[PDB]
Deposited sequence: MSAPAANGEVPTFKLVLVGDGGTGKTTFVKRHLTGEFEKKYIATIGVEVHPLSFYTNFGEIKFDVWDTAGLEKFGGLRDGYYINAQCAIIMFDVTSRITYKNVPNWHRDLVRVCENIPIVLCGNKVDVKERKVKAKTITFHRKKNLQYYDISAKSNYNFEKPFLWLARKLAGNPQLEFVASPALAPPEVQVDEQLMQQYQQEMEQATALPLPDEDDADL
């Protein structure tokens, strides 16, 4: 069962860690706690080509928490670049993240993700988002908050890695299984 290293880069505040957390626990993290260097999390699912395992390397986007920076990209077999359609500067910075990444990893599949599309006042409009075209990156509008397209970066990446667009998610195996104070607590959503 192979494991693929996925690097996740982009400006701070753009929803990188929120996006990983969504996939890991199902939760939606409201606070911004800036990542410091990198955080690594295993992450898997099943497909008709078997189990697919990513080692997600969730890097810091704030320059002062940069850590080993491009030293995090060594041996990545794929990547996601993340910006915030609510914030122009984060899309303006997408070529820098892409530049540093490809200098380290020459020939890997890379997804551009424009996140937070659930926010009414969008600032980076669809017609501005062109960068991926000349660079052969896949692009998705996503939302970690509403789950819009949040599985798509993973499906596309797994299809590239397996070299087979026939790849699809299948059901993970369900194997054999092994108050009053709560009812009036508020609900996150």
Deposited-sequence segments unaccounted for in the coordinates
1 to 9, 188 to 202, 214 to 219
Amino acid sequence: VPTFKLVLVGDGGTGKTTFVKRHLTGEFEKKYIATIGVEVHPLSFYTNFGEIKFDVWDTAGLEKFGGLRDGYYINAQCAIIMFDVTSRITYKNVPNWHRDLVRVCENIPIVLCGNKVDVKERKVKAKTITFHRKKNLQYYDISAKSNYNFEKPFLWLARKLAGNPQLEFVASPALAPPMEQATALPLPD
From here on, numbers count along this sequence of modelled residues.
Return whichever of 157 to 165 and 129 to 137 has the greater mean Cα B factor according to the PDB record.
157 to 165
Which is higher on average in the deposited entry, the C-alpha temperature factors of 2 to 10 or of 180 to 188?
180 to 188
Of the residues 39, 70, 151, 27, the one carrying the largest Cα B-factor as recorded:
27
CA B-factor ranking of residue 61, expressed as a third of its chain:
lowest
On the chain's distribution of Cα B-factors, residue 47 falls within the third called highest
By its CA B factor, does residue 107 count among the lowest, middle or highest third of the modelled residues in the chain?
highest
